[PDB]
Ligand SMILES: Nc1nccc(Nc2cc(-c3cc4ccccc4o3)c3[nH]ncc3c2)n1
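Just the one chain here, the form solved without the ligand, laid out as structure tokens.
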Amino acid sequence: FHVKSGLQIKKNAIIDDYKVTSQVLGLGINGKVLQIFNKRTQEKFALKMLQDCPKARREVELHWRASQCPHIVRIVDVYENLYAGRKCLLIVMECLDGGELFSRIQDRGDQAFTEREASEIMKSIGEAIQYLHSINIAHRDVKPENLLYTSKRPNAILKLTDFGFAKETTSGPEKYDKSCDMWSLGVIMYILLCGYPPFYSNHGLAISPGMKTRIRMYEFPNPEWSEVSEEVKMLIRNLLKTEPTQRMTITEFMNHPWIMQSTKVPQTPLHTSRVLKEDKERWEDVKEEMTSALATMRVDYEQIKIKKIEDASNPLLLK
């Protein structure tokens, strides 16, 4: 391929390069993307603040090395500065003002979301994951808050952000990690096709979706209503959720007719806009629930650290 420059965390102050309002800087302590403007170009730009440290710097290394895909937001500058008393890892990103994916769909006069758009979109998102996954990165937080449009007007591009759980799928960790992305793709494509999450149960114990991956007990909408969703559209959204060992591969997904020969799939108008519009709250409810589902599925590692203190050989000494 093409050797590209390594990441170099600029150490100088950030405010002599971008107009961090040093006011506005304040709302960014919990990690909410704020806005800055480059000084000698006065350009756009986003800023996400993180507590500097290995585990914040690992993910920023990760996202940095995946700026490449046109389907991944672009990080333009990384700064390691001293803000207040702490040590801040300030990451400047290309700004995406086009919208949050479902926040676009949700609001349509009546344009109506059509299955082929549902497919075009799934190739987009599947593009990103197919990128990330070939360079051994597992994103593991692919959810609606993280899929944003670039511009606003037409021709807009869809890219994923927030790599704060992104991990290196390389050493069961190949499969398991990777599969939190496949599951998310099964969960997004179902809400995209129905307007509802695959979080309904009629059978037994209404085990939650997160826990459902550690097993126990997914059902689809009334065959007639909006379940107009092809039985080929049903198998793929089902293969993408089974978590066991017979889990799908992003190549498998991308090697799918519906995916690959997309923009040829029928333009079956769908109920997605209506549902998300009709209860803006149960949509917020759905969102929390996928966040949660994700947090309960992710498995992470950690080193063992034992405390040490000196052995008291003679409690009567000068010590």
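For clarity, a rigid core is taken as the largest C-alpha set superposing within 1.5 Å between two forms. Heads up: residue numbers just count along the shown sequence, starting at 1.
This protein has a second form, the form solved in complex with the ligand, left out of what is shown; the following refers to that one.
Between the ligand and the residues 179, 161, 169, 229, the one pair within 4.5 Å by heavy atoms in the entry with it bound involves 161.
Scanning 265, 33, 62, 254 against the ligand in the entry with it bound with a 4.5 Å heavy atom cut-off leaves one residue, 33. The ligand in the entry with it bound comes within 4.5 Å of no heavy atom belonging to residue 127.
Interface residue remark: residue 148 is counted as part of the site for the ligand in the entry with it bound, having a heavy atom within 4.5 Å.
The shortest heavy atom separation between residue 120 and the ligand in the entry with it bound exceeds 4.5 Å. Contact check for residue 25: a heavy atom falls within 4.5 Å of the ligand in the entry with it bound. Annotated contacts: 48, 94 and 99 all touch the ligand in the entry with it bound [non-hydrogen atom within 4.5 angstroms]. The partner is not drawn, yet in the entry with it bound one stretch among 230-238, 111-119, 243-251, 86-94 has residues with heavy atoms inside 4.5 Å of the ligand: 86-94. Of the residues 150, 130, 146, 242, just one CA atom moves 2 angstroms or more between this form and the one not shown under rigid-core superposition; it belongs to 242. Relative to the superposed core, residue 266 undergoes a C-alpha shift smaller than 2 Å between this form and the one not shown. Annotation for residue 226: C-alpha shift of 2 angstroms or more between this form and the one not shown, rigid core superposed. Core-superposed comparison between this form and the one not shown: CA of residue 26 displaced by 2 Å or more. Relative to this form, the distance between the C-alpha atoms of residue 30 and residue 164 is reduced by at least 3 angstroms in the entry with it bound.
Compared with the form shown, the residue 97-residue 26 C-alpha separation decreases in the entry with it bound, the change being 3 Å or greater.
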